[PDB]
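**Student:** Need a 3D model of the following:
(chains A and B, ligands or ions: 2)
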Amino acid sequence: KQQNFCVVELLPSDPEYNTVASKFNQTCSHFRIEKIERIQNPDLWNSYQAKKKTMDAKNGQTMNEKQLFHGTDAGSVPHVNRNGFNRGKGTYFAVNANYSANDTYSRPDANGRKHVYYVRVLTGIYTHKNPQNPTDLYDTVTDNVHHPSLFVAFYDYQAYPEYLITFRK
Amino acid sequence: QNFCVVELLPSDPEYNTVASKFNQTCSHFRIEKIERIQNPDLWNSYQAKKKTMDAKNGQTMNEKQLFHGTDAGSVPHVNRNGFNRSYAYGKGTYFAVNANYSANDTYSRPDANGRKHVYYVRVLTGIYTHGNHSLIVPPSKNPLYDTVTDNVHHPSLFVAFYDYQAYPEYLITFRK
Ligand SMILES: C[C@H](c1ccc(Nc2nc3c(C(N)=O)cc(F)cc3s2)cc1)N(C)C
Ligand SMILES: C[C@H](c1ccc(Nc2nc3c(C(N)=O)cc(F)cc3s2)cc1)N(C)C
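**Tutor:** Numbers count the residues shown, from 1 in each chain, chains lettered A, B, ... in the order given. Ligands and ions are numbered 1, 2, ... in the order given. Provided below are the atomic coordinates:
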């Protein structure tokens, strides 16, 4: 599985577009969206979904998945499109787009453009598990359990980079 | 102008054709992957401009495969748009006969992980002349040329000024 990918542009006339634009614009209405792309990566998607089938069957009534934001520099984009966020070693995801929208994470490129993904993450059972069963770990960690602003994933195929929002100041 | 990026296997005949050409001047580097870029609209727009050109320049071989180094940031932009507008022998996109020119750190600028990127590009060089810094557009053949170059009888580079004049066919990712 060498996880090739395709990049389709979401058009304003797509029902998926309002939803991503809305969620993004909750915190980032002062940026202007240049475009939104759907990242299509079959091997990566299947691998993500396999982790989820498992995770759904193990965590009972827990809703394992959330859609979160991750900002990154323009040069990491092909790497994320192909390999996701694969490879104690964590990748950060924001609940709100403004956080990911920071220059430290979404480094503005030569044309001024910034890149934040709208990401499907398997947050599962998280804390800020069992002494009797020490090989049993939390799926993610957060900054605050009752009112989270971020999540940290560690394992492979735990997140799919479904949408890429390109924008500027 | 959506696109796909297919990674080639070293087993692939294509992979070796591209690797051979790159290694002629750049064998001292380590190739990590060679991907093929599939952008149907851009490819179409290129083949149209080529149909026009092969019908214009008689016996001329209009097409050359040249190299182009760039930073990791530009890769998604090139994949989608080509070498289009937003990108001392004229104000266009420069392309090299030999990989090692493109492999210069100022063009194929090393990323965070030390990875360099060089396209192997189909370019419609067509009929070309010697170029100059105040160009912006090709000279007229008589008081219009397709590209310009540094030296007309032994060219080492080429400069294109229009869109759809080149297709970013392969991407070569490598390191020192
Ligand atoms: C670029 C990459 C890297 C980049 C950033 C970080 N740190 C962090 N990133 C984030 C993001 C975000 N959208 O990126 C969002 C957050 F709410 C918190 C953090 S902490 C850690 C690693 N590095 C592995 C090279
Ligand atoms: C780094 C990259 C960039 C791309 C092109 C240039 N200008 C120039 N590039 C080249 C290249 C080449 N392989 O790209 C090859 C040459 F024989 C001459 C020039 S001049 C300068 C920077 N990016 C900023 C667009």
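
**Student:** Strands of chain A, start to end?
**Tutor:** Remark: strands assigned in chain A by DSSP state E are A:5-10, A:32-40, A:65-72, A:91-94, A:114-122, A:126-127, A:140-142, A:150-153, A:159-168.

**Student:** Packed most tightly, which of these would that be?
**Tutor:** Most buried of those by mean neighbour count (mean count of other CB atoms under 10 Å in any protein chain shown) is strand A:114-122; its value is a mean of 24. C-beta: built from backbone N, CA, C; applies to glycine.

**Student:** The strands of chain A into CSV, with extra columns for distance to residue B:107?
**Tutor:** Listed next are the strands of chain A as CSV, based on distance: least, CB to CB, whole Å:
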stretch, distance to residue B:107
strand A:5-10, 24
strand A:32-40, 26
strand A:65-72, 23
strand A:91-94, 31
strand A:114-122, 22
strand A:126-127, 45
strand A:140-142, 40
strand A:150-153, 36
strand A:159-168, 24
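
**Student:** Can I get those strands in CSV including distance to ligand 2?
**Tutor:** Converted to CSV, the strands of chain A look like this (distance: least, CB to the nearest ligand atom, whole Å):
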stretch, distance to ligand 2
strand A:5-10, 20
strand A:32-40, 18
strand A:65-72, 18
strand A:91-94, 27
strand A:114-122, 17
strand A:126-127, 41
strand A:140-142, 37
strand A:150-153, 32
strand A:159-168, 17
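
**Student:** can you tell which of those strands is closest to residue B:126?
**Tutor:** Closest of the strands of chain A to residue B:126 is strand A:5-10, at 30.5 Å (criterion: CB to CB).

**Student:** And residue A:123, how far from ligand 2?
**Tutor:** Per CB to the nearest ligand atom, to the nearest Å, residue A:123 is found 38 Å from ligand 2.

**Student:** show me the contacts for that residue.
**Tutor:** By CB atoms under 8 Å, 6 or more residues apart in numbering or on different chains, the contact set of residue A:123 is A:64, A:65, A:66, A:68, A:139, A:140, A:142, A:151, A:153.

**Student:** which non-adjacent residue is nearest the third one?
**Tutor:** In space, not counting the residues next to it along the chain, residue A:66 is nearest to residue A:123; the distance is 5.0 Å by CB to CB, 6 or more residues apart in numbering or on different chains.

**Student:** and chain A, which of its residues are near ligand 1?
**Tutor:** Residues of chain A lying close to ligand 1 (CB under 6 Å from any ligand atom) are A:69, A:70, A:71, A:92, A:94, A:99, A:100, A:105, A:150.

**Student:** any chance of those in JSON lines, plus distance to residue A:33?
**Tutor:** Formatted as JSON lines, those follow (distance: CB to CB, whole Å):
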{"residue": "A:69", "distance to residue A:33": "13"}
{"residue": "A:70", "distance to residue A:33": "16"}
{"residue": "A:71", "distance to residue A:33": "14"}
{"residue": "A:92", "distance to residue A:33": "22"}
{"residue": "A:94", "distance to residue A:33": "17"}
{"residue": "A:99", "distance to residue A:33": "17"}
{"residue": "A:100", "distance to residue A:33": "14"}
{"residue": "A:105", "distance to residue A:33": "17"}
{"residue": "A:150", "distance to residue A:33": "23"}
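
**Student:** And the residue nearest the centre of chain A?
**Tutor:** residue A:119 (2.4 Å; CA atoms, centre = their mean).

**Student:** Quickly list what that one is bridged to.
**Tutor:** For residue A:119, the beta-bridge partners are residue A:68 (DSSP bridges).

**Student:** Surely it is in contact with residue A:65?
**Tutor:** No - if you go by CB atoms under 8 Å, residue A:119 and residue A:65 don't touch, sitting 10.4 Å apart.

**Student:** Using CSV, list the CA coordinates for stretch A:16-35.
**Tutor:** Only the C-alpha atoms of stretch A:16-35 are listed here, as CSV (Å, rounded to 0.1, in the frame of the first residue of the first chain):
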residue,chain,number,x,y,z
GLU,A,16,-19.9,19.7,2.0
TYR,A,17,-18.5,23.2,1.4
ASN,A,18,-20.9,25.2,3.6
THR,A,19,-20.2,22.8,6.5
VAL,A,20,-16.4,23.1,6.3
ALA,A,21,-16.6,26.9,5.6
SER,A,22,-19.0,27.3,8.6
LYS,A,23,-16.9,25.3,11.0
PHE,A,24,-13.8,27.2,9.9
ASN,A,25,-15.5,30.5,10.1
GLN,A,26,-16.7,30.1,13.6
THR,A,27,-13.3,31.3,14.8
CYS,A,28,-11.7,32.4,11.6
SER,A,29,-14.2,34.6,9.8
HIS,A,30,-11.5,37.4,9.6
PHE,A,31,-9.5,35.3,7.2
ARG,A,32,-10.6,34.8,3.6
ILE,A,33,-10.8,31.3,2.3
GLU,A,34,-9.0,31.0,-1.1
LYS,A,35,-10.1,27.4,-1.6
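
**Student:** Identify, from the residues of chain A next to ligand 1, the entry nearest to residue A:14.
**Tutor:** Distances from residue A:14 to these, taken as CB to CB, are shortest for residue A:69 (19.5 Å).

**Student:** how close does the closest one get to residue B:87?
**Tutor:** Separation of residue A:69 from residue B:87 (CB to CB, to the nearest Å) stands at 29 Å.

**Student:** Likewise for residue A:84?
**Tutor:** Using CB to CB, residue A:84 is found at 29 Å from residue B:87.
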